[PDB]
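First up is the structure itself, then whatever we jot down about it.
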Amino acid sequence: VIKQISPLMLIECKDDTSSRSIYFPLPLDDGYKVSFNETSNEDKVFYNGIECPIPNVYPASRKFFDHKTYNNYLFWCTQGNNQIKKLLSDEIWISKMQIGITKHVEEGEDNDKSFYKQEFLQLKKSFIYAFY
RNA sequence: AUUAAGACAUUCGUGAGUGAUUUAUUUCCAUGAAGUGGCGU
């Protein structure tokens with residue numbers, strides 16, 4: 142019966158019929174322009190293996215890639231009026247840590263495993279999961 | 001039938017023990033039980 146299942150989508154349903162804003166993770170080079178090998182036979186890299194031509198990442202806006219200010223992996227993106235709308239991961243999801251026990255009242259039970267910690271996530275109000 | 005299912009942050013636990021509303025302080029200071037005699041030169 143089931144033939145095709147689309148990847149799970151993050152959909153923002155705000156108000157009215159309007160439209161569904163499909164949210165995607167930010168590509169790992171959002172505002173970074175990578176400038177690969179200027180072919181001059183020199184300055185290669187060994188990626189645990191064979192030749193690879195020395196990526197050069199610039200802030201696409212010069213300096214170089216500073217990894218102390220790299221946060222494209224904490225962002226989610228959606229279609230805009232010719233610019234990318236960036237939403238932080240912690241705004242989409244809310245995290246909760248739950249303490250759980252077994253009251254164990256009785257008389258002779260061994261209190262040996264009566265404690266656990268559970269992480270529960272909550273999607274923001276105007277956010278739904280969807281797939282085809 | 002899906003890295004699922006199942007599980008009270010619960011059991012025990014006195015806001016309690018010690019502790020003078022006590023110490024210091026004159027109901028005292030001033031003050032006359034006193035004044036006058038009267039009647040017929």
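In the deposited numbering, the protein residues as written are 142 to 202, 212 to 282. Note that beta-carbon positions come from the ideal geometry of N, C-alpha and C, so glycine has one too.
Asked, Found
"Residues near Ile152 in its chain [Cβ-Cβ closer than 8 Å; skip 5 each side]", "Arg161, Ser162, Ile163, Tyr164, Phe277, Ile278, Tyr279 and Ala280"
"Start-to-end residues for the beta strand (DSSP E) that takes in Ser162", "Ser162 to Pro166"
"Element boundaries [beta strand (DSSP E), containing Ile251]", "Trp243 to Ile251"
"Backbone secondary structure at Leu271 - three-state DSSP", "strand"
"Rounded C-alpha distance that separates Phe270 from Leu149", "19 Å"
"Rounded straight-line distance, which links the Cα of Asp170 to that of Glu192", "22 Å"
"Spatial distance of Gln268 from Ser245 (CA atoms)", "10 Å"
"CA-to-CA distance, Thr228 to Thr158, given in whole angstroms", "18 Å"
"Which residues DSSP lists as bridging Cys193, in chain order", "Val186"
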